[PDB]
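For reference, the chain that follows is the form deposited in one PDB entry, supplied as structure tokens.
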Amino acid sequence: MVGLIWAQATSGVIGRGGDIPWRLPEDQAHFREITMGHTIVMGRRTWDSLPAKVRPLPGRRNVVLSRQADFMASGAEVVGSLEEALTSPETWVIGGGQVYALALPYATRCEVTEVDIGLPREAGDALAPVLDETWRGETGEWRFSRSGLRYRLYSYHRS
């Protein structure tokens, strides 16, 4: 099984300036809950985007895609392709616009957090992948963060 998990603004924006344009602790919790104890796959840029104190992501087998051969990611496995990175029976892809798009054709689950912030898609934005008609979605209800950010959860699966 290969799962994708991400948090996006309604517009599909997941990242800008090498960072995420919001803070939603409830989403961190969700991300942590789902990926804990599993293999995670992330782009080199996601790795670099991780605050120092949560890299490698504790409690998960960290795998980082990079084309750079000298690239070292302390406490993670650096690999040069998705197919070397998808070796584990249940891998969560957590890891970058570029990487969701590579990983998409292999995935059978997605966990999406939608954050209710108006943020136009911009050139350079890391963006969420589009799920075509092969996918079946379950949409959760809007909630309010302790921080007043409205957000909701979607779960997607397919044959």
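Only residues modelled in both forms are compared. One-based numbering along the sequence shown. Take the two forms, find the largest set of C-alpha atoms that superpose within 1.5 Å, and that set is the rigid core.
Below, we turn to the form deposited in another entry, even though it does not appear here.
Engineer: Looking at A107, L50, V112, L102, which has a Cα shift of 2 angstroms or more between this form and the one not shown when the rigid core is held fixed?
Structural biologist: Going through each option, the one that shifts is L50.
Engineer: Would you tell me if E90 moves between this form and the one not shown by 2 Å or more at its C-alpha, with the rigid core held superposed?
Structural biologist: It does not, since the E90 C-alpha is displaced less than 2 Å between this form and the one not shown after the core fit.
Engineer: At a 2 Å cut-off on C-alpha positions, does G124 qualify as shifted between this form and the one not shown after fitting the rigid core?
Structural biologist: Yes, because once the rigid core is superposed, the C-alpha of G124 moves 2 Å or more between this form and the one not shown.
Engineer: Once the rigid core is overlaid, which residue runs, three or more long, move by 2 Å or more at each CA between this form and the one not shown?
Structural biologist: Runs with every C-alpha shifted by at least 2 Å: 48-53, 122-124.
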